[PDB]
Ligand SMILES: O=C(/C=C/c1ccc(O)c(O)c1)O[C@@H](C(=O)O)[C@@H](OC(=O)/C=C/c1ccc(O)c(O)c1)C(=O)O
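Shown here is one chain on its own, the form deposited without the ligand, set out as structure tokens.
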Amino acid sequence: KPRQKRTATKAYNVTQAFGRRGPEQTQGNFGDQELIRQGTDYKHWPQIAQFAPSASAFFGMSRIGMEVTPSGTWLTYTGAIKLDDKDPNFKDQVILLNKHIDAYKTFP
């Protein structure tokens, strides 16, 4: 499976499918130890997935680029997804996202 189509689960976790969390531009930085170990099996995964873009929104909202480097050809992507301040779970969504963004920095 191409890396972009992989689905993390307890049997193929975030580390196995997408590598260690870290600070380099080539590494992902999202996920506490519980989400890394369980992937889509994570109890709060659906609350995180509501922010993931559809294939249409991924190519409709993102700034797409093509880069040819010594390591190969890359499809770059950047963008921002607005949370809904009126959503009654807004305060829980902020806490949940804060719990996984750069959570690796505190792993024992």
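Numbering starts at 1 and follows the sequence shown.
Keep in mind that the form solved in complex with the ligand is missing from the display, and what follows is about it.
The ligand is not drawn, but in the deposited complex it has a heavy atom within 4.5 Å of residue 20.
Contact check for residue 33: a non-hydrogen atom falls within 4.5 Å of the ligand in the deposited complex.
In the deposited complex, the ligand lies farther than 4.5 Å from every heavy atom of residue 89. Contact annotation: residue 15 falls within 4.5 Å of the ligand in the deposited complex, judged by heavy atom distances. Of all the residues from 73-108, those having a non-hydrogen atom no more than 4.5 Å from the ligand in the deposited complex are 107, 108.
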